Amino acid sequence: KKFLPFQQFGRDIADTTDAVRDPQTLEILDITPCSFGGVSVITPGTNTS
Amino acid sequence: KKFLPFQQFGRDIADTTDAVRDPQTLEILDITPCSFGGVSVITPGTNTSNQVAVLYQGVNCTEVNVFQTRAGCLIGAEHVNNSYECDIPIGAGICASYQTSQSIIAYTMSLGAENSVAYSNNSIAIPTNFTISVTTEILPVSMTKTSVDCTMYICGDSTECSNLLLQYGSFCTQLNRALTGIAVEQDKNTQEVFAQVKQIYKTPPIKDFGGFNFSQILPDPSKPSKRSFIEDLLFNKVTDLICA
Amino acid sequence: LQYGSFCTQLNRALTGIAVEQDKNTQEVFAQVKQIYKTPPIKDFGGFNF
Amino acid sequence: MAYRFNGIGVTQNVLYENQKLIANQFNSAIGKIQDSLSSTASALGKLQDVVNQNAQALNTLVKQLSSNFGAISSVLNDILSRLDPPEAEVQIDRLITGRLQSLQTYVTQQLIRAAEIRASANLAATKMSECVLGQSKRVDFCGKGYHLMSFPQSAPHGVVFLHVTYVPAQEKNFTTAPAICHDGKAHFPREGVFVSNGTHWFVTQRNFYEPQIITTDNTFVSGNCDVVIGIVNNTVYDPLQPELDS
Amino acid sequence: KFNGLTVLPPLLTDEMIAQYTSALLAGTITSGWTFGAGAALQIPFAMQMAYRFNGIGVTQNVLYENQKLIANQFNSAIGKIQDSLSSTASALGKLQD
Amino acid sequence: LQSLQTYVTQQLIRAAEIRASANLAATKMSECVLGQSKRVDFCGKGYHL
């Protein structure tokens, strides 16, 4: 994504930051939130195995 | 109304005073709340025209082609005596529509064309011809499955914030099972409806229908996903958003 | 306003009710698109309607 | 389809003879459905309202995080880096309390919306067996007109049903009599109605007009001619009379 | 009431819903069961009750013979409906709830 | 705010009871009024006419 010269921080429909601009060396970076997905346990009955 | 000489202020069943007595002069003055109501905007779709008609509820015309109806003040519309099929529902048996140099008019909702049936001792009507019609009925079956996490949603990436959630007990743990139960019910609706049998029947290679063409409703193997010609239009006519 | 859309949402929920009630009126009372009327001479075969 | 017409009160003899004309009416009826769904996109609005119902509920729940809920700011990292841990808890209490009411409101709406979906699920499962799978004499459940056969169709987050109904169209003014008096005993129809065009009384079906000469096989003798009201006089053909010559 | 609670008027007036009833009542008398399944087809009411008995397993001959008796039982039954609804006001409690 | 939640919550629940009755009423007019119902005790005790 190409932000206008005067624009720095973008945001998505959810108002969270979509991308930022490094103030020292100017560049755009896409932030992908971490820690996604759950943990499910598939096991038969206790008396089975 | 006449208040008791020793009772200055009145009240209703809601404990709200509907009238008061002048502290100086002796009189009975009823307190009527100021005019208020909802603002209704009756206008055709942006594709048709930009004409708009404002409608007020439970109030006559005060602020303000200013016409009055049973539901309230209606401005920007024209009253027509001819009754037609309902278009835009309003109330009190009145519907609005955009027609003819065209504007918005207000007419009484019509119940349909009048049809008189002649009755007689020996009078009877036996159909001399028939017509086969196919009616379409659409009903919802499965609902979009959404599993929300009250641990991550309530406190994002916060250990201290999450610590306060433990004081609330099962509130988070309880809401997780409520949403999980809805996801399980979504699968039972498709199994008790879509598939009523335990076997899969396929059409024979040579199809003789006796003069009827089922190709529209029959599945097409040429497509990558097997579906009927009618199902193809349903998938396209029925619509990232989830990524956010 | 600090509490968010709760005000807006509580109005939409009740708005749906008012709409669904009008649906029950049409889906029940009116089973036909025409208005039927009897002739002036009424022969009911002994019944009084 | 021969038996399907017997359940609606129509003799199967009309299908074999008129099956040629039904091919043009049935095939043409299916074509109109494909053109209506493609050209008109408002017929599927029933299912679209279900998806949009959850969309507005998801965006609303996400927009609550932007609200302060009485707190100074709606961001957790902002309040944690400014106010003290004890002071932040006071503000965090309004954040969690405001979010809990928003989260419970979403779950409460889902349970209510889920109940409405289950109500339509039973109807969809009922139309499958009665309309599609079998044949039901109930009127206007499978669509207007006498029900014959139903063709199910898959649709996203729902199902579409194609129902075939039998709707009579053309009719004519006829003169009918409650009973026929011949030998002095009231003659009553076994099946059909008594219709006359002004010349001779006929016995025809209610749903279809098929003139047939009155005979002892299509009627049964009951009562007399002085009981039934509005009885008329006529002659009943007996197949045994002409066979006496052999 | 005065706190900002708005009572929205109904879409159809009590008169309109009454016209739908009159349409159904007038239809069943002249057209029997036909108007619901298709175009209106006039049938004599005497034959309507006749074919409604054949559907339940009763030969229509009973009607023509007992038509006079069925006329008194029915009319006497409708009279009890007016006396019941007029005398007993609790039968509508389902709506009062 | 909680008072409105309690009110809206009850109206939505009660609406389900009314909507369920509306569908029932629409079903009776079809089987009982418009046509002749062969179901047992759906139109009331005895064979329905």
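Criteria and cut-off values
Residues numbered from 1 in each chain as written, not as in the entry; some residues may be left out. Chains lettered and ligands numbered in written order. Part of a larger assembly, values for the part shown. Heavy atoms only, no water. Contact = heavy atoms within 4.5 Å. Salt bridge = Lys/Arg side-chain N within 4 Å of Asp/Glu carboxyl O. Polar contact = N/O pair within 3.5 Å; in protein donor to acceptor, adjacent residues only side chain to side chain. Helix = DSSP H or I, 4+ residues; strand = E, 2+ residues; numbered from the N terminus. Nonpolar A, V, L, I, M, F, W, Y, C, P; charged D, E, K, R; others polar. Pairing = 2+ DSSP bridges. Buried < 20%, exposed > 50% of the residue type's maximum accessible area, 1.4 Å probe, protein only. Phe/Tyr/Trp six-rings, centres within 6.5 Å; stacked < 30°, edge-to-face > 60°. Buried area = accessible area lost by both parts, 1.4 Å probe. 1 Å grid on protein atoms, 1.4 Å probe; cavity = no way out; pocket = protein on both sides within 12 Å on 5 of 7 lines; lining within 4 Å. Points joined across faces, edges and corners; volume = space filled by probe spheres on them. Disulfide = S-S within 2.5 Å. UniProt positions renumbered as here; feature names shortened; annotations may be inferred. Axes fitted to C-alpha atoms, helices over the stretch in contact; angles between N-to-C directions. Parallel < 35°, antiparallel > 145°, perpendicular 65-115°, else oblique. Expected span 1.5 Å × (residues − 1).

If you look chain F up in the PDB entry, it shows as Spike glycoprotein from Severe acute respiratory syndrome coronavirus 2.

Per the PDB entry, chain B goes by the name Spike glycoprotein and belongs to Severe acute respiratory syndrome coronavirus 2.

Caption draft 1: Here's a closer look at the interface of chain D and chain B. Tallying the contact residues gives 94 residues for chain D and 60 residues for chain B. The interface formed by chain D and chain B contains 2 salt bridges. One salt bridge connects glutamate 185 of chain B with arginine 118 of chain D, and the closest N-O pair in it is separated by 3.3 Å. Linking chain D with chain B are 25 residue pairs in polar contact, by the criterion used here. Breaking the side of chain D that touches chain B down by element, the ones donating at least two residues are α2 (13-39), α3 (45-63), α4 (76-80), α5 (85-133), β1 (146-155), β2 (158-168), β3 (171-175) and β6 (193-196) of chain D. By residue number, the principal contributor to the side of chain D that touches chain B is α5 of chain D, which donates 25 residues. Class assignment of the residues belonging to the side of chain D that touches chain B gives a composition of 54 nonpolar, 30 polar and 10 charged. Sheet analysis places strand β12 (residues 123-127) of chain B next to β3 of chain D, joined by 5 bridges and oriented antiparallel. From the neighbouring strand, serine 123 of chain B faces β3 of chain D, where its bridge partner is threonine 175 of chain D.

Caption draft 2: Spatial organisation of the pairing of strand β7 (residues 201-204) of chain D. Residues and elements named next belong to chain D. Here β7 shows a buried face lined by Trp201 and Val203 and a second buried face lined by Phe202 and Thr204. Across 4 bridges, the pairing between β6 and β7 is antiparallel. When the bridges of β7 are listed, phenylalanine 194 appears paired with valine 203. As consecutive antiparallel partners, β6 and β7 are separated by 4 residues, and within that stretch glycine 198 has a phi angle of approximately 110 degrees, a positive value.

Caption draft 3: Representation of the packing of aromatic side chains within the structure. By the definition in use, this model includes 19 aromatic pairs over all chains. Taken together, a centroid distance of 5.5 Å and an interplanar angle of 70 degrees make the contact between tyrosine 36 of chain C and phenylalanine 35 of chain E edge-to-face. Taken together, the residues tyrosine 36 of chain C in strand β1 (residues 35-37) and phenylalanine 35 of chain E in helix α2 (residues 34-37) connect one chain to another. Classification of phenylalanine 35 of chain E by relative accessible area gives buried; the value is 4%.

Caption draft 4: View of the interface of chain E and chain D. Taken together, the contact pairs 17 residues of chain E with 24 residues of chain D. For the chain E and chain D pair, buried surface summed over both sides reaches about 1,600 Å², with 63% attributable to carbon and sulfur atoms. Sorting the residues of chain E by area buried against chain D places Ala37, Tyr51 and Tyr64 of chain E first, and these three jointly supply 34% of that buried surface. Remark: the boundary between chain E and chain D carries 0 salt bridges.

Caption draft 5: Molecular detail of empty space enclosed by the protein. Each pocket or cavity is described by its volume, and for the largest cavity that value is around 110 Å³. Lining the largest cavity are 15 residues, and of these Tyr146, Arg206 and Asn207 of chain D together with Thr34 and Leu41 of chain E lie nearest its centre. For the lining of the largest cavity, the secondary-structure elements that each account for two or more residues are β12 of chain B, β2 of chain D together with α2 of chain E. The dominant element in the lining of the largest cavity, judged by the number of residues it contributes, is β12 of chain B, at 3 residues. For the lining of the largest cavity, the residue count by class is 11 nonpolar, 3 polar and 1 charged. There is about 90 Å³ of room inside the second largest cavity. Lining the second largest cavity, in full, are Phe6 and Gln9 of chain C together with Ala57, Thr60, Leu61, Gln64, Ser102, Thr105, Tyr106 and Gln109 of chain D. Per-element accounting of the lining of the second largest cavity gives the leading share, 4 residues, to α5 of chain D.

Caption draft 6: Region of interest: the UniProt feature "disulfide bond" in chain B. Residue and element names in this part refer to chain B. In this model the UniProt disulfide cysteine 86-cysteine 95 is closed, its S-S distance of 2.0 Å falling under 2.5 Å. Given a relative accessible area of 24%, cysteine 86 falls into the partly exposed group. Judged by relative accessible area, which is 0%, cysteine 95 ranks as buried. For the UniProt disulfide pairing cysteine 150 with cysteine 172, the two sulfur atoms lie 2.0 Å apart, close enough for the bond to be present in this model. In this pair, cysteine 150 is assigned in helix α1 (residues 150-154) and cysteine 172 in helix α3 (residues 170-191), connecting sequence segments 22 residues apart. For the residue pair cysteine 150 and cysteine 172, the accessibility class agrees, reading buried in each case.

Caption draft 7: Here's a closer look at the packing of helix α3 (residues 45-55) of chain E against helix α4 (residues 61-87) of chain E. Residue and element names in this part refer to chain E. Put simply, α3 and α4 touch, their axes get as near as 11 Å, and they point 110 degrees apart. When the axes of α3 and α4 are compared, the pair comes out roughly perpendicular. Residues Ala46, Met47, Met49, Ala50 and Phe53 of α3 form the contact with α4, whose own contacting residues are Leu63, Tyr64 and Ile70. Looking at the contact of α3 with α4 residue by residue, the classes come out as 8 nonpolar, no polar and no charged.

Caption draft 8: Local environment of the UniProt feature "disulfide bond" in chain F. Residues and elements named next belong to chain F. Measuring sulfur to sulfur gives 2.0 Å for the UniProt disulfide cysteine 32/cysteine 43, short enough to count as a bond. Of this pair, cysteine 32 sits in helix α1 (residues 2-34) while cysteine 43 is found in the segment after α1, placing the two residues 11 residues apart along the sequence. With relative accessibility at 11%, the residue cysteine 32 sits in the buried group. For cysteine 43, a relative accessible area of 24% corresponds to the partly exposed category.

Caption draft 9: Focus on α3 of chain D. Between its terminal C-alpha atoms α3 of chain D stretches 26 Å, which fits the 27 Å expected from 19 residues at 1.5 Å a residue. What α3 of chain D keeps buried is the set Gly45, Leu47, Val50, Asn54, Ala57, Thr60 and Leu61 of chain D. Elements that come into contact with the buried residues of α3 of chain D comprise β13 (130-140) and α1 of chain B, α1 (6-29) of chain C together with α5, β1 and β2 of chain D.

Caption draft 10: Highlighting the pattern of salt bridges. Inspection of the entire model under this criterion finds 14 salt bridges over all chains. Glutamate 20 of chain C serves as the salt-bridge partner of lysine 23 of chain C, at 3.0 Å between the closest nitrogen and oxygen. Placement of both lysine 23 of chain C and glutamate 20 of chain C in helix α1 is noted, with a separation of 3 residues, approximately one turn of the helix. Note on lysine 23 of chain C: relative accessible area 35%, which makes it partly exposed. The salt bridge partner of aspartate 41 of chain F is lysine 45 of chain F, with a shortest N-O separation of 2.9 Å. A network of salt bridges, in which partner residues are shared, links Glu130 and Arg138 of chain D together with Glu31 and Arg39 of chain F.

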